[PDB]
Each structure stands twice: as C-alpha cells, then as structure tokens.
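In what follows, a structure is listed as structure tokens, so that the remarks can point back to it.
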Amino acid sequence: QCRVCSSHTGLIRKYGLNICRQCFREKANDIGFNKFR
Amino acid sequence: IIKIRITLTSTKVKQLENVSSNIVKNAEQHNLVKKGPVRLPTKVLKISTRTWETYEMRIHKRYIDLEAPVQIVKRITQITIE
Amino acid sequence: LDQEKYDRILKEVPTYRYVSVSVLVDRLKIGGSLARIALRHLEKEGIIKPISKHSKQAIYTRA
Amino acid sequence: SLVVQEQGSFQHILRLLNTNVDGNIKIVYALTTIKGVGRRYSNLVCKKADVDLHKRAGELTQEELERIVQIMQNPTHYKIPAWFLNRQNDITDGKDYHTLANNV
Amino acid sequence: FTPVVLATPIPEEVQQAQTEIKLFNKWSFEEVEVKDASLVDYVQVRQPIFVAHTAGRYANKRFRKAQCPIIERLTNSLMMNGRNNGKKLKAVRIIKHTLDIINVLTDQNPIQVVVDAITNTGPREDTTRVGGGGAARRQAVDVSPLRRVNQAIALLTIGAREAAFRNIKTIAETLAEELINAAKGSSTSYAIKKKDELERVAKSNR
Amino acid sequence: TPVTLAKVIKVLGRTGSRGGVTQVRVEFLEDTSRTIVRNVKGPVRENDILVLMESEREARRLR
Amino acid sequence: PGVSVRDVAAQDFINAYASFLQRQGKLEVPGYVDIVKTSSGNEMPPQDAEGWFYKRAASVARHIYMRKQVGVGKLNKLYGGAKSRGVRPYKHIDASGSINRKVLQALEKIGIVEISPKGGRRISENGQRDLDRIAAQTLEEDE
Amino acid sequence: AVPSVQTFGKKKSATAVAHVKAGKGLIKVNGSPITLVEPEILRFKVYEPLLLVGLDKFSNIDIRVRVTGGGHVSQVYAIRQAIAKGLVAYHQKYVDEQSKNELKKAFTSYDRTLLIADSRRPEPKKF
RNA sequence: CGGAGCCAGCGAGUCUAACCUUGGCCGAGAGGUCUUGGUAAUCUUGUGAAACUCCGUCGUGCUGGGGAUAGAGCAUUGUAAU
C-alpha cells in the first residue's frame with residue numbers, strides 16, 4: 020500500500036519504502052541507485 | 019586509557035581514505051598504540067530494475092583500533108565528523 | 042522346472058566368449074533380476090571371470 | 002547370490018481375498034494388484050509377517066497368505082497404528098478402517 | 020619397473036599401468052589405425068588422457084574441434100539426449116565399459132575399432148538442396164572430411180541411442196555392437212546403412 | 005570402388021542458395037596433372053585432403 | 002602412520018562398522034525400524050529392513066569422527082532427498098529427527114558419541130579408539 | 003623449520019591451497035588420501051600431475067591440500083593443478099632451476115592447465 | 001526405487017518487535033516444546049541445495065514409468081481455509 024502519494028501502480032513493495040516505479044525514478048537521484056552498467 | 023574501535027563506512031573512496039589517513043596521522047603524531055586501517059570488502063548492493080537492467084551501489088568499510096584517554100577520543104570523534 | 046532351466050546356463054556361458062548382464066537374459070529362459078544372481082554364482086564357481094563390475098552392468102568372461 | 006532352484010512347486014496365478022494375484026512378481030508388488038492395498042501397505046504387512054520380500058509370489062506358502070490375511074483383518078492389533086490405514090476416525094463408527102479390495 | 024614407495028601409497032596397479040607405456044587402464048593410443056588420408060589430420064589422438072574426460076574449449080575454432088580427442092568427441096556426442104545434457108562422466112564410464120566389451124568380443128584393439136568405425140561410416144559425398152528453378156533437385160556435393168567425422172560420430176550416437184532405448188540391452192553393449200559391426204562394413208549396424216543411403220543418393224543425384 | 009583421393013589447393017568462395025556450399029579447386033592426389041573444380045559441404049582450410057569418387061565431374065555454378 | 006578412519010573408503014567403513022554393530026548388537030534399536038522410512042521425502046522404507054538402522058548409525062559415527070560436532074538438524078540436512086510433489090518438481094526435504102535422536106542416544110549409551118558444551122555431538126576418545134581400531138581391522142581385511 | 007612452499011591452485015571458484023613441505027612422501031587432500039578422491043572416474047586425473055614426472059620426486063615432500071568452494075569436477079581439477087604448482091614451486095625455490103624447468107616442461111607438454119590458471123567463467127548475463 | 005558420499009554461490013534477517021534461527025527432547029511425519037546466537041565477512045552459514053558419484057532392488061511388461069483424479073484423518077499461518 021502506497022503511503023506517500025497514493026500511487027499503488029508499480030510499488031518498489033520491497034523493504035517497505037513503497038514508491039511507484041514512476042515516482043521511484045523521480046526519487047532515484049536521492050537514494051543512490053544510479054546508472055553504472 | 020580506553021580501547022575503542024572505530025568502524026567507518028562510506029560510499030566514496032577518497033574521503034574515506036582521507037578520514038582514515040587523518041586518524042593515522044593524528045594518532046601517530048602523539049604516540050598512540052594502534053592497529054592499522056583494516057579494509058573490509060566493499061559490498062555491492064544491487065537492484066534488478068524493469078529486457079532488464081541493473082542498479083548498483085559500492086559500500087566501502089574500514090575499521091581502526093585505538094587506545095587513548097577520554098579527552099583525546101572525544102576530540103578525535105568530534106573533529107573527524109565530515 | 043529346476044533341472045531344465047539351470048544347466049543351460051552351464052552350457053551357454055562356456056560357449057559365449059562374452060558374458061554380461063543383458064547378453065545372458067537374452068536366452069529367454071530367465072528374468073533380468075535372477076540373471077545377476079546367476080552371474081555372481083558363476084563368479085563363485087569360476088566359469089564366469091570378472092573383467093569389470095558396475096552396479097548396473099558387469100563384464101565377464103567364460104572359462 | 003545362491004541360485005536356489007525349485008522343481009516346479011510354484012503356482013502361476015494365486016487367488017487371495019477373492020482377487021487374482023500373479024505369482025511371479027515380488028510379494029509386495031503382487032499384493033499391490035488388489036484394491037485398497039498399495040506398495041508400502043503390503044510391504045509393512047509382510048514385514049510384520051516377516052516375509053522375505055525379495056522372494057517372488059510363486060515361492061510363497063499359503064500359511065504366509067493366512068498370516069497376511071490375518072494382518073488384513075487385524076492391522077491395529079499387530080503394531081500397525083492408525084496413521085497407516087485408509088479410513089481413520091470414521092463418522093459412522095468412530096474407528097479406524099482399512100477398506101479392502103472387493104469390500105468398497 | 021623400479022617402484023618408489025611413498026608414505027601415501029600410490030597403488031601398484033596404477034604404477035604398473037602408467038609406468039608401462041599402456042596409455043589407458045587397459046588400452047593404448049600407440050595402436051591407432053587410420054585408413055583414409057583425409058581422416059589422418061582430423062581424428063588425431065596422441066596425448067595419453069587416462070580418463071578421457073577433459074574440459075575442452077575446442078568449439079571456438081572450426082579447426083580446434085578436429086583437435087578434440089575423438090574418444091572424447093564420441094563421448095561428447097554421447098551426451099546429446101535431453102535426459103543426459105550435462106552428463107559427461109556417465110558417458111566416460113559408458114566408453115570404459117564399451118572398450119571392455121570390445122576387448123571381450125575378441126577385438127584386442129578397441130581404440131582401433133573406434134577409429135575404423137569412424138573411417139568406414141563416413142559418407143564421402145552427399146546431396147544439397149539447390150534451388151533448381153522451382154522443382155528443387157538435389158545436387159551431389161562432396162562433404163568435407165571434418166564434416167565426415169562430425170557426420171559419422173552423429174550417425175553412430177543416433178544409432179546407439181535408438182538401439183539402447185526401449186530394450187534391456189545397455190548403452191555400452193549396443194554401442195559396442197555398433198562399433199564392431201561398423202568398424203568393418205557389415206550392414207548390420209546403423210551408420211553403415213545410412214552412410215550407404217547418403218552415398219547412393221549422392222551417386223544417383225550428381 | 006574407386007576411392008578418389010584429392011587435395012584442396014584453392015578455395016573459390018561461398019555459393020549455394022543458403023550460402024553454405026563451397027567451390028573448391030582440387031589437385032588430384034594420385035596424379036598431380038588433374039585440377040578439378042568441386043563442391044564441398046563443410047569447413048575446409050587450404051592444403052586439406054578430400055575424398056571424392058569421380059575426378060571427371062565438374063559443376064559450373066549453383067543457386 | 003596411524004591407522005584411522007581418515008584412510009579408509011566411505012562405504013567400506015560404513016559396511017564394516019555396521020557389521021560390527023550388528024554382530025555386537027549392543028546398541029539402542031527401536032521397534033519402528035520395520036515401519037518408518039528415514040525421511041518424509043521417500044516413498045518406501047529402506048530395503049535393509051532388519052539392518053538399515055545400523056547402516057544409519059555407521060554413517061552417523063563416520064560423519065561425527067571427521068568433524069568437530071554435529072546436531073540433529075545437520076544430519077537432517079545431510080540425508081536430504083529430492084522429493085517429488087506429483088505434478089510439481091523435486092525439492093529438497095530434510096529427514097526425520099527421531100532417527101537422528103535414537104541413533105545418537107544409541108551411540109552415546111554405548112560411549113562413542115557425547116554431548117560437547119557447544120551443544121554438539123562429538124566423537125568420544127573411546128569412540129575415537131573404537132572407530133580407529135575397526136578402521137585398522139578394515140585395512141587388515143585388505144592384506 | 004621444515005622447508006615448505008605455500009601455493010594456491012584454482013578451478014571455477016574452487017581454491018585448493020597446497021603446502022609442500024620436506025617430509026616422508028605423504029600426500030593428503032583435505033586430510034583424505036590421494037587414493038580416495040570423491041569421484042571414482044576423475045581419480046587418474048589427480049594422478050596426472052604425479053606420474054607425468056615420476057615418483058622419486060615425491061619421497062622428499064609431505065604434501066598438503068586444503069580446498070574451498072567449487073563442485074565435484076572443479077575441485078578435482080583444482081587439486082591436480084595445485085599439486086603440479088606446488089611441486090614446481092618446491093623445485094623452483096629450494097631445488098635448482100633446471101629440475102624445475104624439466105618438471106614444468108613435462109607438465110606443459112601434456113596439460114598446460116596444471117601450470118596455468120583457467121578462464122572459462124560464467125559471463126555476466128548481459129542485461 | 002533402497003541406501004550411502006555430501007559440492008557451491010548471489011542474497012537476506014528482528015525496536016520500541018516476534019525476523020533469520022543453531023542446539024536439546026517429543027512426535028511416522030506435518031509439526032510441537034525448551035532455549036541460544038546474530039541488527040550481521042562474526043549467528044543462521046561451510047546455508048553439508050539439486051543435478052552428480054558408488055552399491056544393491058527392479059527387468060521392459062501403460063511396469064516397480066507416470067501421478068492426474070478421489071477418500072480418510074492429522075498438523076501449521078490466518079478472525080474466517082467452505
């Protein structure tokens with residue numbers, strides 16, 4: 020269940036951070052998993 | 019005389035080596051007995067993201092043993108905050 | 042039916058230059074299970090000579 | 002092993018519990034032929050009857066057939082407990098039944 | 020043969036078998052008879068591998084595959100079936116049993132039986148399916164001797180896998196029967212017959 | 005059976021519809037004076053040895 | 002040049018030591034040996050119906066002499082079988098703990114295995130002596 | 003101190019570290035004899051770095067092998083490569099250079115895997 | 001099928017909670033009991049995985065291949081398992 024911005028479509032439900040794959044790639048440059056290979 | 023182990027972790031190698039080398043220089047310039055910077059394996063935390080792609084993260088770890096009184100340990104722990 | 046299956050083993054094995062697991066069932070008298078019992082029995086007697094032994098196939102030689 | 006040879010004396014097809022049994026397979030897999038009896042059931046019955054199960058069903062005396070039938074109508078008296086039987090904890094009687102072949 | 024006794028005893032059978040110049044447990048690679056001159060350069064096994072089980076990377080170059088040991092290459096094409104993918108040790112023991120059988124079936128040189136079955140079951144010429152203008156005829160091409168080795172090993176493994184399936188007779192006995200009936204042309208094996216079929220289609224279609 | 009022994013001397017390229025067959029110039033092994041043009045299915049490098057059956061057959065081109 | 006378990010083959014050691022335990026008979030052997038298969042990942046009980054328990058104990062004692070200590074779950078992991086689930090593929094299934102407990106109580110009652118304060122079944126020095134002696138006798142079978 | 007050479011030998015994440023000291027002529031792999039390798043088929047493969055040179059090269063040395071990782075075939079190739087490497091390293095560092103060249107020539111002419119590490123790794127699966 | 005041998009690596013793990021669990025006893029098992037270790041290259045973990053190796057049972061017979069379907073009970077998570 021999306022507890023951030025009501026965005027259930029594509030939750031990343033792993034580890035309870037629970038961001039949708041749209042907004043996960045919005046906030047991808049705040050955590051640190053970025054493009055290496 | 020307290021024996022304290024400092025376990026340092028970082029994502030980038032240059033600042034972590036700088037912090038470790040500053041610990042070595044300052045604990046060497048006033049005669050503290052110590053173990054050298056033990057360099058743990060860099061753990062590679064990865065996520066397979068939707078063919079498929081891979082997101083990576085390198086995490087580097089050192090630890091340094093020190094034997095020092097309370098004043099020197101507190102001043103070292105306060106100043107080395109970066 | 043004991044004396045008209047068993048001794049044909051004792052005629053055929055010295056005839057055949059090569060005696061193994063399934064070149065001894067082929068005589069169409071016996072099953073494939075008791076054939077290996079007859080193999081070990083001829084090992085003990087001496088008409089069968091061991092070449093190599095595996096749990097699924099065992100190579101022998103006449104005497 | 003030792004080739005133990007028998008001058009006839011074996012029957013081709015036996016009949017037990019009103020059902021034909023082929024007297025050429027192992028006794029486990031010859032008593033598996035009848036209904037209500039599988040592999041491990043005939044195996045444990047003939048181990049309680051101490052039957053040599055590497056012997057075929059043609060080399061089996063009818064006294065051991067009587068022992069097997071006695072374990073059929075008495076499974077729970079011969080140290081084969083309730084987990085091993087067909088109809089455990091019934092509703093009609095509250096007992097444990099092993100439903101046999103032609104009695105279904 | 021001047022034994023050297025160690026504290027960990029390397030046993031007497033192994034010291035006798037590999038101190039004396041026999042290049043297997045019972046066999047030798049010094050006795051290898053190749054008939055065809057084209058098959059001299061593509062069968063070559065002269066290095067004594069006492070198990071005939073190697074982690075070969077022979078499949079990167081087309082010429083390197085010819086330097087795969089043909090005992091090992093036959094062992095590799097034994098590992099063809101879907102139940103057997105990734106089972107080379109099984110086929111090595113199959114080869115060891117088979118060489119034992121070819122010993123006991125009065126062929127003192129079973130490796131020469133293998134090489135002669137390679138030679139006598141290779142279709143020299145075959146047909147390809149040319150365009151031909153609609154009604155596609157088949158034209159006799161003269162297949163390469165490396166492909167003749169490939170083709171003979173493929174036909175032998177296919178015939179042995181056909182014969183050993185759905186019978187009591189083992190893979191080693193069927194494969195030994197095929198190698199003995201195919202080491203000298205007898206038309207009771209598989210690859211002799213199919214070699215003859217491919218060559219008669221080639222001769223009919225040149 | 006006439007077993008023609010042959011020598012690859014000159015490769016001509018890759019032909020066939022599928023691009024699989026090879027035109028090969030052949031020095032005949034028993035008699036040097038014969039130079040044949042043959043069609044080979046399979047991998048062939050220079051100075052290889054072939055086993056033909058007819059030295060006299062020559063095919064112009066393929067499709 | 003010590004004659005010990007480390008020099009003999011695996012199955013030969015298990016056969017010999019199980020034969021010595023059968024001819025001795027001085028262990029704790031239960032009554033559900035003819036009833037109970039060694040693991041839930043099996044269809045049939047073991048074929049050595051009067052003597053698979055001694056084979057089990059020989060495997061256990063050999064597995065204990067070679068290492069520091071064992072448990073019950075470790076020997077459940079060791080025996081583990083690829084179990085068919087009908088239409089589903091095979092999966093790893095550990096064995097029963099009761100066979101492990103009764104084997105270790107049978108070999109601890111005779112004074113061969115013993116509980117070590119790391120919570121583990123280790124080989125006793127009398128058990129070390131006995132297994133090395135019967136391994137020496139297994140080597141003397143080969144002369 | 004007993005003169006010993008410590009030398010690795012690797013095969014497919016299977017590392018067998020070998021300790022070739024001056025001993026009785028004793029060979030152990032994981033505290034188990036070289037007579038007893040866990041596959042029966044690959045057994046003579048472990049004998050391939052042994053009989054390719056000879057057996058009087060071994061009476062002077064007690065040989066240790068301790069293994070981590072791998073499979074069944076991988077550990078066999080690891081231990082035979084480690085035996086060859088420890089043997090030629092003993093005959094390099096303590097024994098003269100020429101005998102080391104003879105042992106390395108005997109190993110190289112038959113199987114270069116026994117002296118040179120392998121490369122057939124599983125690739126990264128190309129995302 | 002019945003025994004034996006027992007070979008890896010990527011991960012992942014609990015706080016203001018019940019995560020990963022070692023071990024010991026009970027139970028045919030499912031599982032249960034009692035604890036203990038690990039917030040982690042430390043404990044689980046050497047994850048003793050499976051395929052594999054060997055030896056015995058089977059003997060080509062919809063067979064001892066198959067396991068779909070169905071009956072009976074027993075346990076586990078979940079308020080509630082039809």
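Here the protein sequences come in this chain order: d, U, Z, S, F, c, T and Q. Quick note on the authors' numbering: the first sequence kicks off at 20 and runs consecutively. If you count by the authors' numbering, then the second sequence holds residues 19 to 68, 78 to 109, one letter each, in order. Quick note on the authors' numbering: the third sequence kicks off at 42 and runs consecutively. Quick note on the authors' numbering: the fourth sequence kicks off at 2 and runs consecutively. Quick note on the authors' numbering: the fifth sequence kicks off at 20 and runs consecutively. Quick note on the authors' numbering: the sixth sequence kicks off at 5 and runs consecutively. Quick note on the authors' numbering: the seventh sequence kicks off at 2 and runs consecutively. Quick note on the authors' numbering: the eighth sequence kicks off at 3 and runs consecutively. For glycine and all other residues, C-beta sits at the position ideal for the given N, C-alpha and C.
CB contact check: residue i to chain F, cutoff 8 Å
i                    : result
residue 61 (chain Q) : yes
residue 20 (chain c) : yes
residue 71 (chain Z) : no
residue 77 (chain Z) : no
residue 92 (chain Q) : no
residue 47 (chain Q) : yes
residue 17 (chain c) : no
Within chain Z, the residues that residue i reaches when beta carbons sit closer than 7 Å
i                     : result
residue 133 (chain F) : Near residue 133 (chain F) there are no residues of chain Z at all, since even the closest Cβ is about 17 Å away, more than 7 Å.
Residue-level contact to chain T via CB, residue i, 8 Å cutoff
i                     : result
residue 57 (chain Q)  : no
residue 44 (chain Q)  : no
residue 44 (chain S)  : yes
residue 48 (chain S)  : yes
residue 38 (chain Q)  : yes
residue 171 (chain Q) : Since the displayed chain Q opens at 3 and closes at 129, residue 171 (chain Q) lies outside it and no answer follows.
residue 57 (chain S)  : no
residue 88 (chain S)  : no
residue 41 (chain S)  : yes
Buried versus exposed call for residue i [16 or more other C-beta atoms within 10 Å across all chains shown]
i                     : result
residue 79 (chain S)  : exposed
residue 12 (chain Q)  : buried
residue 13 (chain S)  : exposed
residue 47 (chain Q)  : buried
residue 35 (chain T)  : buried
residue 108 (chain U) : exposed
residue 47 (chain S)  : buried
residue 86 (chain Q)  : buried
Chain c within 8 Å of residue i, Cβ atoms only
i                     : result
residue 53 (chain F)  : no
residue 136 (chain F) : no
Supposed close pair residue i, residue j - CB separation, criterion 8 Å
i                     : j                     : result
residue 100 (chain U) : residue 22 (chain U)  : 6 Å
residue 40 (chain d)  : residue 81 (chain U)  : The pair is not a contact, with the Cβ atoms about 16 Å apart (cut-off 8 Å).
residue 101 (chain T) : residue 73 (chain T)  : 4 Å
residue 162 (chain F) : residue 45 (chain c)  : 4 Å
residue 173 (chain F) : residue 197 (chain F) : Contact doesn't hold; Cβ gap of about 13 Å is too wide.
residue 57 (chain F)  : residue 164 (chain F) : 4 Å
residue 16 (chain Q)  : residue 76 (chain Q)  : 4 Å
residue 89 (chain F)  : residue 195 (chain F) : Actually they do not touch by this definition, with Cβ atoms about 16 Å apart.
Cutoff 8 Å: residue i Cβ touching any chain Q Cβ
i                   : result
residue 8 (chain T) : yes
7 Å Cβ cut-off: residues of chain d touching residue i
i                    : result
residue 22 (chain U) : The contacting residues do not exist; residue 22 (chain U) stays about 29 Å from chain d at best.
Beta carbon proximity, residue i to chain d, threshold 8 Å
i                    : result
residue 83 (chain U) : yes
residue 29 (chain U) : yes
Min CB distance residue i to chain U below 8 Å
i                    : result
residue 51 (chain d) : yes
residue 22 (chain d) : no
Closer than 8 Å to chain Z by CB, residue i
i                     : result
residue 116 (chain F) : yes
residue 108 (chain S) : Residue 108 (chain S) lies beyond the range of chain S shown here (2 to 105); nothing can be said about it.
residue 197 (chain F) : no
8 Å Cβ cutoff, residue i in contact with chain S
i                    : result
residue 49 (chain T) : no
residue 13 (chain T) : no
Chain c residues whose Cβ lies nearer than 9 Å to that of residue i
i                     : result
residue 217 (chain F) : In chain order: nothing, as chain c lies at least about 11 Å away.
Contacts that residue i makes with chain Z (C-beta to C-beta distance below 9 Å)
i                     : result
residue 149 (chain F) : Neighbours of residue 149 (chain F) on chain Z: none; closest Cβ ~46 Å, over 9 Å.
Interface partners of residue i on chain c, CB under 8 Å
i                     : result
residue 205 (chain F) : Here the premise fails: no neighbours, minimum Cβ distance about 16 Å.
Neighbour list for residue i in chain F, Cβ cutoff strictly below 9 Å
i                    : result
residue 29 (chain Q) : 25, 26, 27, 29
Neighbour list for residue i in chain Q, Cβ cutoff strictly below 7 Å
i                    : result
residue 97 (chain F) : The premise fails here: residue 97 (chain F) is roughly 14 Å from chain Q at the closest Cβ pair, so nothing lies under 7 Å.
Residues that residue i contacts on chain c, provided the C-beta gap is smaller than 7 Å
i                     : result
residue 160 (chain F) : 25, 43, 44, 45
Quick one: which unbroken alpha helix (DSSP H) runs of 4-plus residues sit fully inside the region 155 to 214 of chain F? Chain order, please. 164 to 183, 190 to 202
Continuous alpha helix (DSSP H) assignments of at least 4 residues falling wholly in the region 24 to 102 of chain S: 28 to 32, 40 to 49, 63 to 74
Which residue spans inside the region 35 to 105 of chain F form an unbroken alpha helix (DSSP H) run of at least 4? 59 to 62, 89 to 97
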